[PDB]
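Encoded as structure tokens, the following chain is the form deposited in one PDB entry, with no partner shown.
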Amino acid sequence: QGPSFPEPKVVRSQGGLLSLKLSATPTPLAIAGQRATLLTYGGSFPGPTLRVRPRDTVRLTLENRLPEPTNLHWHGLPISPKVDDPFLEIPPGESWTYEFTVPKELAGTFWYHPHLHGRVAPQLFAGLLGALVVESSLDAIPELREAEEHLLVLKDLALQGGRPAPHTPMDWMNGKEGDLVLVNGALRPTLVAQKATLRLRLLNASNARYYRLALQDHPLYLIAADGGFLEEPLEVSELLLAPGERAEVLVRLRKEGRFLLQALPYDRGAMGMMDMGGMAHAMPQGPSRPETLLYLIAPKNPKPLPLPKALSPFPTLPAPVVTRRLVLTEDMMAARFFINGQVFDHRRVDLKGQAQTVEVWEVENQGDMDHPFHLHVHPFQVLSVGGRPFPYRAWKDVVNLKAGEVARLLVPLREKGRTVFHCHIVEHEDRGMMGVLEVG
């Protein structure tokens, strides 16, 4: 009804159960005016949005129809690492059923993607990703109920011969970015708003591209981070979304018009090649070029809703029992990446922690690139970066660290089991930057 906007098909729980068979399969599709064969969940790029409520049961059978093994990571979900198992391998032609219960106080936008070490970056870049939305009671307050809601999956692509472009040697060093900067698998779609207040769920599902988001003539009001609501809306002029991060923002359309949502220039420290000469500092790639993501058309005579005065109080965490230091380093020319001087070894446990305790993790980026740090299974609170306070209180599962930045994180250890932490520039994970945490 009314104007269409590209958005993944939604699959909803019914009677407390979301039961779904999802095939990972190569799929010819229409894409930015051409046809390409991608790897997809459920025959679509992005994959289908799963939409659940807390205490729902999820029963997702993944049927591997790919030529190579794969698995699923339930990114940001605080469930058992025996369900969200980073070490599982589903061979071609086999299936695996993931079953879990949605935690009672969970809310926000999460996502699913492959996590078979060594093959994450080609599989994710080929199109294997989808969103998971956990509805909240908070969605019923009038200031959010009457907002027009949309999911925006930010994911870039590059095609060669009608297939995902292969990884180059430079891609393993820098992470791969594509020339097609897509929203919900579409190139610069137009959203004709029917309400004056929008609620946009934002997902950066790219391998390595950063999105410094800004909407022409409008601030964004951040109401949720990766893993849940803020305590109250926070107004920002722009919003940096690193790979793997999610956010939810309210947009208040004051005037009629057509407004661009852009990804403004951002220099994440990627390295170029050099062979000609006549420049300054031209080893680095420098800032990205600005990109238009979508066009936003405001409704006639727009009268936006008032902002909610409060959202979700953040639980006070107990005092920590242990301080950890994790130093990120790089060897760019070998494209190898380390945590505390070591590359990932699936047979090696790097940190041993206690269930039902809180730890502080000091993650230090001693490299020259931005590295976005991700911890499976255990959402954390970012206390500070570079010795200065984080601007809001909310659950996060990815924290971006610029060169030289140290983040201090409060990490409550929940479920027992063996899980991983890694850079979410997925090429870096494939090339070393992952370690193993065991909780007992």
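Heads up, when I say rigid core I mean the largest set of C-alphas that superpose within 1.5 Å between the two forms. Shifts are known only where both forms have a C-alpha. Residue positions are given as counts along the sequence shown, with the first one as 1.
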Higher avg CA temperature factor (339-347 vs 203-211, as deposited) belongs to 339-347
Compare the mean C-alpha B-factor of 311-319 with that of 289-297 as given in the PDB entry, and name the stretch with the higher value. 311-319
Say you rank 160, 184, 365, 123 by Cα B-factor from the PDB entry; which sits at the top? 160
Checking the record values for 378, 371, 55, 51, which has the greatest CA B factor? 55
Which third of the chain does residue 19 land in by C-alpha B-factor: lowest, middle or highest? lowest
Going by the recorded CA B-factors, say which third of the chain residue 190 sits in, lowest, middle or highest. middle
Within-chain third of residue 437 by Cα B-factor, per the entry: middle
Tertile call for residue 9 (CA temperature factor, within chain, third-based) is the middle
Assigned third (lowest, middle, highest) for the C-alpha B factor of residue 62: middle
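Separately, the form deposited in another entry exists; it is not shown, and the next lines address it.
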With the core superposed, a Cα shift of 2 Å or more between this form and the one not shown singles out one residue among 319, 333, 140, 276. Which one is it? 276
Pair residue 279/residue 267, Cα separation in that other deposited form versus the displayed form, closer or farther by 3 angstroms or more: farther
Would one find the Cα atoms of residue 282 and residue 431 closer or farther in that other deposited form than in this form, where their distance changes by 3 Å or more? closer
Only counting residues present in both forms, give the runs of 3 or more in a row whose C-alpha shift is 2 Å or more between this form and the one not shown, core aligned. 2-4, 275-282
